[PDB]
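For reference, the structure is listed below as structure tokens.
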Amino acid sequence: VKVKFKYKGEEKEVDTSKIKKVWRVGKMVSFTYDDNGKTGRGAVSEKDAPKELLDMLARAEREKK
DNA sequence: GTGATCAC
DNA sequence: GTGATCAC
């Protein structure tokens, strides 16, 4: 599935399969991605986040340490 | 300010 | 070792 986001301003969308790290900053979801390139970075509202990313956040919220 | 990061 | 980013 895809998440569309703001960083800079050229608009963006990314397959959740290409998302390295996910975490919560306040009521915002922040993540890093890419592979062929640099580590891309993005964030979206925690309300308007696609269930999949939230699944990934939940995954990251239980990781030990 | 908040996490985590990149990019300088 | 600090600013710039991101949604509030």
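Scope of the values below: all heavy atoms of this structure, side chains included, with no hydrogens, waters or symmetry mates. In the text below, chain A, chain B and the rest are named by the order of the sequence lines, each starting its count at 1.
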Discussion item. Need to verify one output field. Residue with the more 5' nearest nucleotide on DNA chain B, A:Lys21 or A:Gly26?
Written reply: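 So the residue in question is A:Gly26.
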Fill in: Residues from residues 28-45 of chain A lying under 4.0 Å of DNA chain C - heavy atoms
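Heavy-atom contacts with DNA chain C come from A:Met28, A:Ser30, A:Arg41, A:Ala43, A:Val44, A:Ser45.
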Worksheet item: Hey, are A:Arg59 and A:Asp55 close enough for a salt bridge, meaning a charged N less than 4.0 Å from a carboxylate O?
Response: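 Looking at A:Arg59 and A:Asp55, the cut-off is not met.
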Approximate separation, where rounding is to 0.5 Å, of [X] [atom1] and [Y] [atom2]:
{"X": "A:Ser30", "Y": "A:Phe5", "atom1": "OG", "atom2": "CZ", "answer": "10.5 Å"}
{"X": "A:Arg24", "Y": "A:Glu61", "atom1": "CZ", "atom2": "CD", "answer": "4.5 Å"}
{"X": "A:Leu54", "Y": "A:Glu52", "atom1": "CG", "atom2": "CD", "answer": "9.5 Å"}

Round to a whole Å and report the spacing from [atom1] of [X] to [atom2] of [N].
{"X": "A:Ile19", "N": "B:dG3", "atom1": "CD1", "atom2": "P", "value": "20 Å"}
{"X": "A:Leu53", "N": "C:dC6", "atom1": "CG", "atom2": "P", "value": "16 Å"}
{"X": "A:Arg24", "N": "B:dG3", "atom1": "CZ", "atom2": "P", "value": "12 Å"}
{"X": "A:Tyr7", "N": "C:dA7", "atom1": "OH", "atom2": "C1'", "value": "12 Å"}
{"X": "A:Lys6", "N": "C:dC8", "atom1": "NZ", "atom2": "P", "value": "10 Å"}
{"X": "A:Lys27", "N": "C:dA7", "atom1": "NZ", "atom2": "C1'", "value": "8 Å"}
{"X": "A:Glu11", "N": "C:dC6", "atom1": "CD", "atom2": "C1'", "value": "14 Å"}

Fill in: Minimum heavy-atom distance between A:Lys18 and A:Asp35, given as atom pair plus value
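Reported closest heavy-atom pair: NZ-OD1, 2.8 Å.
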Fill in: Closest approach of A:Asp48 to A:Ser45 (non-hydrogen atoms, all atoms of both residues)
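So the minimum-distance heavy-atom pair works out to OD2-OG, 2.9 Å.
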Worksheet item: Can you tell if the side chain of A:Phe31 reaches within under 4.5 Å of the side chain of A:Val3, non-hydrogen atoms only?
Response: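 A:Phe31 vs A:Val3: side chains touch.
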Fill in: Residue-level proximity of residues 54-65 of chain A to DNA chain B when a heavy atom falls under 4.0 Å
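Heavy-atom contacts with DNA chain B come from no residue of residues 54-65 of chain A; none.
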Item to complete: Following the transitive rule for hydrophobic clusters with a side-chain heavy-atom cut-off under 4.5 Å over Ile, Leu, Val, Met, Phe, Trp and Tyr, establish whether A:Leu57 and A:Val25 coincide in one cluster.
Response: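 No, no single cluster joins them.
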Discussion item. Counting the atoms with a prime plus P, OP1 and OP2 as sugar-phosphate, which does A:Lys47 contact under 4.0 Å by heavy atoms, base, sugar-phosphate, or nothing?
Written reply: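 Touches sugar-phosphate only.
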Discussion item. We want to know whether A:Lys21 and A:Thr32 form a side-chain donor-acceptor pair, criterion being a heavy-atom distance below 3.5 angstrom.
Written reply: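 Yes, because at least one side-chain N or O of A:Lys21 sits under 3.5 Å from a partner of the opposite role on A:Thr32.
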